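Coming up is one lone chain in structure tokens, specifically the form deposited in one PDB entry.
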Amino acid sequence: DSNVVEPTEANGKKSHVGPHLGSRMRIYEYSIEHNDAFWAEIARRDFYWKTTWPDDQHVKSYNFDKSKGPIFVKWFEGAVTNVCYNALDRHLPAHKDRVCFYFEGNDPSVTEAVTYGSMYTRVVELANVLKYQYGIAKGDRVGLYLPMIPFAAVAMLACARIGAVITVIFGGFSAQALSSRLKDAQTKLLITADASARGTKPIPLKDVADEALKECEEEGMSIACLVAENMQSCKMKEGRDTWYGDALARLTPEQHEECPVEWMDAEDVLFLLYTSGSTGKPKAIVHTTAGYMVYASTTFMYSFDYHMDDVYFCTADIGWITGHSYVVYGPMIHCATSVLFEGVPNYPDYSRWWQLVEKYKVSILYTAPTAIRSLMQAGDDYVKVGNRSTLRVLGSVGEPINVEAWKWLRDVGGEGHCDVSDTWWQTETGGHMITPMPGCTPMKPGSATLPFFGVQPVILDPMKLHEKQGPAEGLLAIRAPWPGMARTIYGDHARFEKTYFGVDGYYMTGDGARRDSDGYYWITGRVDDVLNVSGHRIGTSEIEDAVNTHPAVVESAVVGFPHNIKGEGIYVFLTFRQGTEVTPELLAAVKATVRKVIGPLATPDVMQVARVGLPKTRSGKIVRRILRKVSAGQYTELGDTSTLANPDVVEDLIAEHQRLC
């Protein structure tokens, strides 16, 4: 095809796989036909095991078919390992002087090169604080509410080292959203920081944590709080709250040097990550130890073709799966040199990421289509002042990338001497599932291209629910297990089977897709009422619930709409009680309610008042198709109105939307 972009010659010569698609397809075919041997050989080559699994030929067991029994997946069962030891200890002493993180703060005068040796010291100190001052035991839950600073990685690895289970709460979440997660995960300890800064905006962290802990205490939980000094005179509750500096001082000197490793079974839980579904409140996706460890690290190495002479920079936050797999765990297990950045691409100005690229000789950069589009809007002058000669791989994650942004990323940001890895995956898959690999994969802008090693995607007919062969469009599903797959939903396996295994034999992704005549996949987006807003998965029912907590609100309906920067924006239709004085202030207060309940990531982009009411059937069900079409200006595609109790409303909905948009 004419839209194919060939991999660069230089990347082809460097590739772990090889210089042409045949090289990839050789390994892929083996990884499907000899799936157990493939993963056993990868596992043996790339990771330390205290104890190996008993049989290379059977490293997985599973059931994808509800009629046979409960759904389950296990990998490397019988093996013993530790994630911290693989990310940190095994790299010493040879690499003690290698940089692990080139850290930069929001303020560009705040910088630190943190070596693997220094990370070991930091992690050993914290692990001992958790063990001997908090009595954190194997399997206990620990919450993290942290900015993108070295201590965030340190805390994730320390918890891994002692077998604690982390649940990371994105620093953008509100106090109520943090509290809900702490309660549901039953965390014994919260680790946070005094505060951070994003651009000119203060990011309170401990002050937010204070309200959240107060909420948890009103519900009878007892949660201790350990606070890192990032910027302060934060309110510290006596007996509950400790400064990390005061904890460090209570360590004996040899506890700055040694902390024993908890040796973990393969299916021991590593972390819980709360994720939005189509219904109900967000639920925690459960990842265990060995299979996730293997999958996240192996995708890191191949999807980005990471070598030891590469310098890697992922712009994603630890509050999301991308920062778990591709900021902390994956990169450090392969002993990568990474850039860790606390701030934003536009502070001090829009050259900031390019200043980081040139300063640290970044060769692999992993970011999001929404960020690329904002840089595009900002103007190319902010890119072209920077030396980009070291870049050779650029990655895109979290939402579909339009052809214009792809081309701009590669030919402006990467100066035309870069391969682009558009990686499709989700929280539930642990790691990349469909992705280009640099040097060996011809690229089609906008396509994730081919399945990762060991992955068998399919297109299911939305009607017949069987596999469709050849070029086809339908539901994207995976027909076989891979080591990184989530093992359950915390406390709700029933919902897990319902959500992902409604079609016996398959993992249902929740995404739509088209596979073309070359076998390349094109992901079309969620097929359920889940939005991807600036790359962030968020459920429409959660936003409606938050909107409806305002006392003036009678009812709301939330839909996504196309957005030229964010990919998808948040559109709110709502009705107020009779007599309400509707002003921009009131609308702003309803937005603030959403931001208090959830956080700024859920901020409504458009608020439309249904002066006559929402379109509902005679049974009271809101007809969401009308609202989706109206919010997108697709006035001609509204569809059926014959089941509306109130067909009079349709004219107003269009009229008002035209007024606004």
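Rigid core here is just the name for the largest C-alpha set that superposes within 1.5 Å across the two forms. Sequential numbering from 1, following the sequence displayed.
Among other compared entries that model residues flanking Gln232, a third or more give it no coordinates. Missing coordinates between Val503 and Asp504 amount to none of the deposited residues, so the segment is unbroken.
Legend: mean Cα B-factor per stretch from the PDB entry, 463-471 versus 552-560; the higher mean is in 463-471.
Stretches compared: 383-391, 217-225. Higher mean C-alpha B-factor in the entry: 217-225. Within the listed group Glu358, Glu399, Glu211, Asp265, the record reports its top CA B-factor for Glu211.
Of all the options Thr435, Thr509, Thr322, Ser278, the entry's greatest CA B-factor is assigned to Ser278. The entry lists a Cα temperature factor for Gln578 that places it in the highest third of the chain's modelled residues.
Annotation for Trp354: CA B-factor lies in the lowest third of the chain's modelled residues.
Remark: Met607 belongs to the highest third of its chain, ranked by C-alpha B-factor as recorded. In this PDB entry, the Cα temperature factor of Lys498 sits in the middle third of its chain's modelled residues. For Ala43, the recorded CA temperature factor ranks within the middle third of the chain's modelled residues.
Keep in mind that the form deposited in another entry is missing from the display, and what follows is about it.
Core superposition between this form and the one not shown leaves every listed residue (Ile42, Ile27, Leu614, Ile598) with a C-alpha shift below 2 angstroms except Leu614. Superposition of the core reveals a Cα shift of less than 2 Å for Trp408 between this form and the one not shown. Relative to the superposed rigid core, the position of the CA of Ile626 differs between this form and the one not shown by 2 Å or more.
The Cα shift for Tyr635 between this form and the one not shown, taken after rigid core superposition, is 2 angstroms or larger.
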